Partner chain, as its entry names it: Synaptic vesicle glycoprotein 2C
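In the form deposited without the partner chain, a lone chain appears below as structure tokens.
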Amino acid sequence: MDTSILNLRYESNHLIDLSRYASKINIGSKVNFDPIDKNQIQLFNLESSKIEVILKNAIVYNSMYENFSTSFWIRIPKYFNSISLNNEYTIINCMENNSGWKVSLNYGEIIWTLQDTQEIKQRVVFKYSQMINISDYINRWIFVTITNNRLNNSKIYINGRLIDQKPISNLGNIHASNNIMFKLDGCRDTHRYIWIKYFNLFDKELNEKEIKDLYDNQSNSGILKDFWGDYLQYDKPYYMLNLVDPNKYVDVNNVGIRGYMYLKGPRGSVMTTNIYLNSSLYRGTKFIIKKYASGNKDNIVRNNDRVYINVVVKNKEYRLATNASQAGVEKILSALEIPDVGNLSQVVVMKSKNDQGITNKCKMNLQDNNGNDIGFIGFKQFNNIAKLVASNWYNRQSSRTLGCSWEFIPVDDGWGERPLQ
């Protein structure tokens, strides 16, 4: 039982339809594909930055009663300018002669619109704030699912969860376009772009289980993610965020075995008046993940990869390490001269999943040199200083949010902050 009417995927050297219908795909000259993952497609605010799918005539939506759904991932750069404030722009267009469906965006909004041949319309909308300290949505990959049941509602899901639903049983015949245009249409911000991936159309209303499964399956959950949702990489400098203490950042008081890594504050804020106000993300000692036991030639960090962690202090690389030999649960982490690590413990097991199954935010399980767990890396308040530690206390704990959850943040043009140093 195959409900896919379009499944747009990058294979070999081409974007192609992997559905049974084999619709034709025309790509403009200014479409960018991410080298690390060519399924990630960047569309600028330019006439030539477009992808047009010409649908088989027989699968064009033209009905009073047929249910259908769409799914895709999107990464939306922060809105930077007041010209975006009240400017709805189409991004995925299947409207013709004022009937059909489309996906549009606006300041802090993702919008679905349906319209019948008598111009009766209904919309469902996801809204997100740009005035939030740490956003789950701004410039981070979002999984969108929209379902349409002609007997009752359109529904919009975000990361597998229902956000909005609205009645559409009053709409009559909807006759959509023969082509789907992926293109910024009516956007007045000349600098705007989006990233998109994994666009699908389905000839049914997807149920909650199907949507959750699709989210889980397209998540690439064997691969660790950076803060934006891209693949976490080796050899790439990252700023660290601890989710349980998000107003602080990592620093090293002094390099060497008598120093320690710790959380210090304030992070401070980035703002453009009445457009955004967020915590500064480009703060503290950068981490670089290094290959240790990975067999893959590529630069991708996978679940259970055994690695080293380097830390950058005054533009020079040091090794994250601890002495595991004294009794005591928490092992304070230091930044060591790489040539002088000696018999200190440094091997880290990178985790994208809680157990074989359940996906968690990044964790780093430090090993001793006999291969026993020293514990997940987090932090411990030693009176007035929160020092970074590895601690098996974390390993024994529920599935609540703990101090061992981290995000890895690289500099990205959709965020727009300037690195201070």
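Positions refer to the first chain, counted from 1.
The following text describes the form solved in complex with the partner chain, which does not appear among the structures shown.
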Non-hydrogen atom contact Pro266 with the partner chain in the bound PDB entry at 4.5 angstroms: yes
Contact of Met271 with the partner chain in the bound PDB entry (heavy atom, 4.5 Å): yes
Touches the partner chain in the bound PDB entry: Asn323 (any heavy atom, 4.5 Å): no
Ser280, heavy atom within 4.5 angstroms of the partner chain in the bound PDB entry: yes
Listed range touching the partner chain, judged in the bound PDB entry by heavy atoms within 4.5 Å, from 301-309, 272-280, 207-215, 228-236: 272-280
Interface residue in the bound PDB entry among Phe126, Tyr107, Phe80, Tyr292, criterion: non-hydrogen atom within 4.5 angstroms of the partner chain: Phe80
